[PDB]
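Let me begin by presenting the structure, written as structure tokens, before commenting on it.
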Amino acid sequence: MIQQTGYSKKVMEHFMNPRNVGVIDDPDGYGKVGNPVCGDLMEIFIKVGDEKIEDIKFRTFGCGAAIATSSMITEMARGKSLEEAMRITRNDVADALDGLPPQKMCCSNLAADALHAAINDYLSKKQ
Amino acid sequence: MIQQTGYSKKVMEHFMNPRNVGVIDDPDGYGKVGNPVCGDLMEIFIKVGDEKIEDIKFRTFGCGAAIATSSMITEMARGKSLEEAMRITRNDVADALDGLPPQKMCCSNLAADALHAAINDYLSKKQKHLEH
Ligand code: FES
Ligand code: FES
Ligand SMILES: [Fe+2]
Ligand SMILES: [Fe+2]
Ligand SMILES: [Fe+2]
């Protein structure tokens, strides 16, 4: 078949063994975003120590692509400064996600969006 | 809230600890169906012994609802006769699925559809004397 899309080994790994699944009780930052197509929700929790992401968790009922991308992005964001974290997007893992069905772009965007939201929440709390 | 939707505890359980995830190499029956809206694929693999489902696996990259329903339905189908298996639908776990966002109906249909497809595959192999 021409124009094959599907699931790569990295993505599969992230699906099967996602990093940073769960919740943080009374978090410094909480972000929740929704996928406009399927309606799945993505939630990200941050603990901020120094001015860095000390801990990060995510939970979602969405699809394999959303979960793997969340695994990736939260791994990336662990230990980064808030400023660095705010600049993380799905592009930072474009290599891993290449070959995914293209409709999973929205799924992939959930993670970074939720991170951003969390950070914003934290900032506003800091007022 | 009006028109409340959400997720049950059973569905949560199935999402977190799904039964029968994976593949069967050289299966007696193979079924693959697709969700027309998101594009996710659902695959079911059966081993048939004594005109029963001896072993069953599923593989999907779809959403929590799809995965939990698959977990349920493959659990149900283990050990059933082909005839019984063909009659299993999402309705057999209607209680677990009640109140899901309505877009998850197609997600929930994937499992039983793929089961059906698998069984049909097996049957047609049998008819063609190509079964093992
Ligand atoms: S299908 Fe809903 S997040 Fe991907
Ligand atoms: S969103 Fe794709 S199977 Fe449910
Ligand atoms: Fe989108
Ligand atoms: Fe549908
Ligand atoms: Fe369907």
Side-chain angles (χ1 to χ4, degrees), chain A residues 10-11 13-98 100 102-127, chain B residues 1-9 11-13 15-16 38 61 63-65 67 99-101 103-104:
Chain A
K10 189 112 190 106
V11 162
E13 167 59 9
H14 283 264
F15 180 54
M16 290 298 54
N17 181 35
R19 290 70 151 152
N20 309 310
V21 171
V23 53
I24 302 171
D25 303 320
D26 190 24
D28 299 330
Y30 172 71
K32 93 166 152 170
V33 301
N35 183 328
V37 180
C38 57
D40 304 318
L41 200 76
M42 178 72 65
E43 290 175 293
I44 287 189
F45 314 84
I46 67 173
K47 251 201 212 101
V48 177
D50 292 284
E51 275 286 291
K52 277 167 232 134
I53 309 271
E54 193 187 280
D55 206 25
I56 188 169
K57 301 268 190 272
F58 81 93
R59 67 191 189 187
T60 184
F61 285 130
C63 62
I67 290 167
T69 306
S70 263
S71 178
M72 293 169 213
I73 292 295
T74 63
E75 202 44 24
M76 197 160 285
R78 181 181 288 287
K80 301 299 139 85
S81 78
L82 293 195
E83 306 256 16
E84 290 164 329
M86 273 295 189
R87 283 184 294 253
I88 292 165
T89 75
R90 112 163 226 147
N91 267 305
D92 299 317
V93 291
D95 338 43
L97 298 185
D98 174 69
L100 275 180
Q103 70 292 2
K104 299 304 188 173
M105 265 148 224
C106 305
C107 310
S108 287
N109 286 336
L110 290 173
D113 289 345
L115 177 57
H116 301 159
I119 294 162
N120 283 332
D121 177 57
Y122 170 69
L123 293 177
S124 91
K125 293 203 277 133
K126 201 169 48 93
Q127 94 291 242
Chain B
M1 292 189 307
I2 293 321
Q3 296 198 346
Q4 267 210 7
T5 66
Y7 284 80
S8 74
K9 273 186 190 172
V11 156
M12 172 72 96
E13 172 200 14
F15 185 50
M16 292 302 274
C38 54
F61 296 81
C63 66
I67 287 170
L100 270 179
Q103 62 279 45
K104 301 303 180 173

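A note on names: the letters A, B, ... follow the listed sequences, proteins ahead of strands, and every chain is numbered from 1. Just so you know, these numbers use all the heavy atoms, side chains as well, and skip hydrogens, waters and symmetry mates.
In terms of modelled atom types and a separation under 3.5 Å, the side chain of A:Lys32 and the main chain of A:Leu41 share no donor-acceptor contact. At least one donor-acceptor pair closer than 3.5 Å links the side chain of A:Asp121 to the backbone N or O of A:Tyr30. Counting only distance, with no hydrogens or angles, the side chain of B:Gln103 and the backbone of A:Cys38 share a donor-acceptor pair below 3.5 Å. Between the side chain of A:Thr69 and the backbone N or O of A:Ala65 there is at least one donor-acceptor pair closer than 3.5 Å. Using modelled atom types, no side-chain atom of B:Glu13 and backbone atom of B:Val11 make a donor-acceptor pair closer than 3.5 Å.
Considering every non-hydrogen atom in both A:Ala77 and A:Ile53, the closest pair reads O-CB, 3.6 Å. Here the shortest heavy-atom pairing between A:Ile67 and A:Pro18 reads CG2-CB, 3.9 Å. Contact between A:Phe58 and A:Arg19 at its shortest, heavy atoms only, is CE2-O, 3.2 Å. Contact between A:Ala96 and A:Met72 at its shortest, heavy atoms only, is CB-SD, 3.7 Å. Contact record, A:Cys106 with A:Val37: SG-CG2, 4.2 Å, taken as the closest heavy-atom pair. A:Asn20 approaches A:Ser71 most closely through the heavy-atom pair ND2-O, 4.4 Å.
Note: B:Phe61 and A:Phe15 have tilted aromatic rings, judged against thresholds of 30 and 60 degrees for the angle between ring planes.
From A:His116, atom NE2 reaches atom CD1 of A:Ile44 across 9.0 Å, with rounding to the nearest 0.5 Å. The structure places NZ of A:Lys52 at 14.0 Å from CZ of A:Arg78, a figure rounded to the nearest 0.5 Å.
Using a 4.5 Å heavy-atom cutoff, the side chains of A:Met42 and A:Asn109 are not in contact. Looking at heavy atoms from C-beta onward, A:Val23 lies in side-chain contact with A:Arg59 at the 4.5 angstrom threshold. The shortest side-chain heavy-atom distance between A:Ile46 and A:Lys57 does not fall under the 4.5 Å cut-off. Counting heavy atoms from C-beta on, the side chains of B:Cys63 and A:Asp40 come closer than 4.5 Å. The closest side-chain heavy-atom distance from A:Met76 to A:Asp92 is below 4.5 Å. By the 4.5 Å heavy-atom criterion applied to side chains, A:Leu123 and A:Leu82 are counted as neighbours.
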For a side-chain contact (heavy atoms from CB on, under 4.5 Å) check, start with the C-alpha distance between A:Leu100 and A:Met105, then their side-chain angles and the critical distance, and finish with the verdict. CA-CA 8 Å; A:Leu100 275 180; A:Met105 265 148 224; over 6 Å; no

The test is side-chain contact (heavy atoms from CB on, under 4.5 Å); show your working for A:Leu110 and A:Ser70 and say whether it passes. CA-CA 8 Å; A:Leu110 290 173; A:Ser70 263; 5.7 Å; no

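When each of A:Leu115, A:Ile73, A:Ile24 is checked for a side-chain contact (heavy atoms from CB on, under 4.5 Å) with A:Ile56, only A:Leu115 meets the rule.
Atom CG of A:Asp50 sits in a sparse spot, with 12 or fewer heavy atoms from other residues, nucleotides or ligands closer than 6.0 Å.
A:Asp113 has no carboxylate O lying under 4.0 Å from a charged side-chain N of A:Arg90, or vice versa, which leaves the two without a salt bridge.
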